[PDB]
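The structure under discussion appears below in the form of C-alpha coordinates.
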(Lines of atoms letter the chains of each structure in order from A and count residues from 1; the text may use other names and numbers.)
(Lines give C-alpha, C1' and ligand atoms only; values in the text may rest on other atoms or scores of the structure.)
Protein backbone atom coordinates (compact mmCIF):
# COMPACT_ATOMS: atom_id res chain seq x y z
CA UNK A 1 0.00 0.00 0.00
CA UNK A 2 1.84 3.13 -1.20
CA UNK A 3 0.68 6.33 -3.01
CA UNK A 4 1.40 6.71 -6.74
CA UNK A 5 5.02 7.71 -7.38
CA UNK A 6 5.50 6.50 -3.81
CA UNK A 7 7.75 3.47 -3.10
CA UNK A 8 8.06 1.35 0.06
CA UNK A 9 11.43 0.30 1.53
CA UNK A 10 12.55 -1.22 4.85
CA UNK A 11 9.26 -0.40 6.61
CA UNK A 12 7.97 3.02 5.50
CA UNK A 13 6.19 4.39 2.41
CA UNK A 14 8.39 6.92 0.59
CA UNK A 15 6.97 9.78 -1.51
CA UNK A 16 8.67 12.56 -3.50
CA UNK A 17 7.38 16.12 -3.00
CA UNK A 18 8.22 18.45 -5.88
CA UNK A 19 7.42 21.08 -3.28
CA UNK A 20 10.45 22.89 -1.74
CA UNK A 21 10.65 22.91 2.09
CA UNK A 22 13.37 24.02 4.56
CA UNK A 23 15.19 21.01 6.05
CA UNK A 24 13.38 22.07 9.22
CA UNK A 25 10.06 22.49 7.39
CA UNK A 26 10.09 19.15 5.59
CA UNK A 27 11.40 17.62 8.80
CA UNK A 28 8.40 18.94 10.76
CA UNK A 29 5.98 18.16 7.91
CA UNK A 30 7.16 14.64 7.05
CA UNK A 31 7.14 14.25 10.84
CA UNK A 32 3.38 14.84 10.98
CA UNK A 33 3.23 11.43 9.26
CA UNK A 34 2.98 8.06 11.08
CA UNK A 35 6.50 8.30 12.51
CA UNK A 36 7.41 9.71 9.09
CA UNK A 37 10.26 12.22 8.62
CA UNK A 38 12.66 13.36 5.84
CA UNK A 39 13.78 10.19 3.99
CA UNK A 40 16.38 8.05 5.82
CA UNK A 41 19.59 6.36 4.53
CA UNK A 42 21.27 3.59 6.60
CA UNK A 43 22.14 1.20 3.74
CA UNK A 44 24.21 1.46 0.54
CA UNK A 45 21.08 0.18 -1.24
CA UNK A 46 18.76 2.80 0.25
CA UNK A 47 21.10 5.67 -0.66
CA UNK A 48 20.99 4.40 -4.26
CA UNK A 49 17.25 3.69 -4.08
CA UNK A 50 16.37 7.22 -2.92
CA UNK A 51 18.66 8.62 -5.64
CA UNK A 52 16.68 6.75 -8.34
CA UNK A 53 13.46 7.98 -6.69
CA UNK A 54 14.57 11.61 -7.17
CA UNK A 55 16.80 11.18 -10.25
CA UNK A 56 13.83 12.04 -12.51
CA UNK A 57 12.71 15.11 -10.55
CA UNK A 58 13.49 17.58 -13.36
CA UNK A 59 16.34 19.89 -14.44
CA UNK A 60 14.42 22.60 -12.54
CA UNK A 61 15.87 20.86 -9.46
CA UNK A 62 19.37 19.44 -8.87
CA UNK A 63 19.50 19.02 -5.07
CA UNK A 64 17.01 17.41 -2.66
CA UNK A 65 16.63 17.71 1.15
CA UNK A 66 16.96 14.55 3.30
CA UNK A 67 16.71 13.66 7.00
CA UNK A 68 20.41 14.22 7.76
CA UNK A 69 21.70 16.98 10.07
CA UNK A 70 24.74 17.88 12.17
CA UNK A 71 24.19 16.83 15.83
CA UNK A 72 27.16 19.05 16.74
CA UNK A 73 25.06 22.18 16.10
CA UNK A 74 28.40 24.03 16.21
CA UNK A 75 30.17 22.25 19.10
CA UNK A 76 32.12 19.10 18.14
CA UNK A 77 35.66 20.59 17.85
CA UNK A 78 36.06 18.45 14.71
CA UNK A 79 32.69 17.68 13.07
CA UNK A 80 32.07 13.91 12.96
CA UNK A 81 28.50 13.31 14.19
CA UNK A 82 26.03 13.44 11.26
CA UNK A 83 22.77 11.78 12.44
CA UNK A 84 19.63 10.96 10.45
CA UNK A 85 16.48 12.64 11.76
CA UNK A 86 14.47 9.76 10.29
CA UNK A 87 16.84 6.75 10.37
CA UNK A 88 18.60 6.45 13.78
CA UNK A 89 22.40 6.63 14.26
CA UNK A 90 25.15 7.06 11.65
CA UNK A 91 25.26 3.40 10.51
CA UNK A 92 25.91 4.36 6.87
CA UNK A 93 28.25 6.89 5.18
CA UNK A 94 28.16 8.60 1.76
CA UNK A 95 28.90 12.32 2.25
CA UNK A 96 31.02 14.17 -0.34
CA UNK A 97 33.35 15.90 2.16
CA UNK A 98 33.56 15.98 5.97
CA UNK A 99 32.37 19.22 7.67
CA UNK A 100 35.89 19.50 9.14
CA UNK A 101 37.12 20.51 5.67
CA UNK A 102 34.99 23.68 5.44
CA UNK A 103 34.61 26.36 8.14
CA UNK A 104 31.72 24.50 9.81
CA UNK A 105 29.19 24.27 6.93
CA UNK A 106 25.40 24.25 7.45
CA UNK A 107 23.71 21.74 9.80
CA UNK A 108 21.70 19.85 7.14
CA UNK A 109 22.60 17.52 4.23
CA UNK A 110 20.93 17.29 0.80
CA UNK A 111 21.47 15.20 -2.35
CA UNK A 112 23.48 16.74 -5.22
CA UNK A 113 22.48 15.89 -8.81
CA UNK A 114 26.17 16.50 -9.61
CA UNK A 115 26.99 13.12 -8.02
CA UNK A 116 23.84 11.50 -9.42
CA UNK A 117 22.22 12.05 -6.00
CA UNK A 118 24.72 9.48 -4.69
CA UNK A 119 26.46 12.01 -2.41
CA UNK A 120 25.27 14.32 0.40
CA UNK A 121 26.18 18.04 0.44
CA UNK A 122 25.76 20.41 3.39
CA UNK A 123 23.20 23.23 3.01
CA UNK A 124 21.56 25.97 5.12
CA UNK A 125 18.93 24.08 7.16
CA UNK A 126 16.62 26.93 6.04
CA UNK A 127 17.00 26.77 2.23
CA UNK A 128 14.01 24.71 1.06
CA UNK A 129 14.42 21.93 -1.51
CA UNK A 130 12.36 19.27 -3.24
CA UNK A 131 12.41 16.45 -0.66
CA UNK A 132 11.36 12.85 0.02
CA UNK A 133 9.37 11.58 3.03
CA UNK A 134 9.13 8.08 4.58
CA UNK A 135 6.12 6.90 6.64
CA UNK A 136 4.64 3.47 7.45
CA UNK A 137 1.01 2.99 8.56
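To match Swiss-Prot, the residue numbers of chain A are left as they are there, and the shown ones run 39-175.
Cβ atoms are placed via backbone N, Cα and C, with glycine included.
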Examine the ranges 55-70, 71-86, 87-102, 103-118 and name the one recorded by Swiss-Prot as region 'Sufficient to activate EXTL3'.
103-118
Among the disulfide-bonded residues 40, 51, 68, 171, report those whose Cα falls within 10 Å of that of residue 145 (Zn(2+) binding site); none is a fine answer.
none
Including all protein chains shown, what's the count of other C-beta atoms within 10 A of the C-beta of residue 40 (disulfide bond)?
13
Nearest of the binding-site residues (50, 107, 121) to residue 163 (disulfide bond), judged by Cα-Cα distance:
107
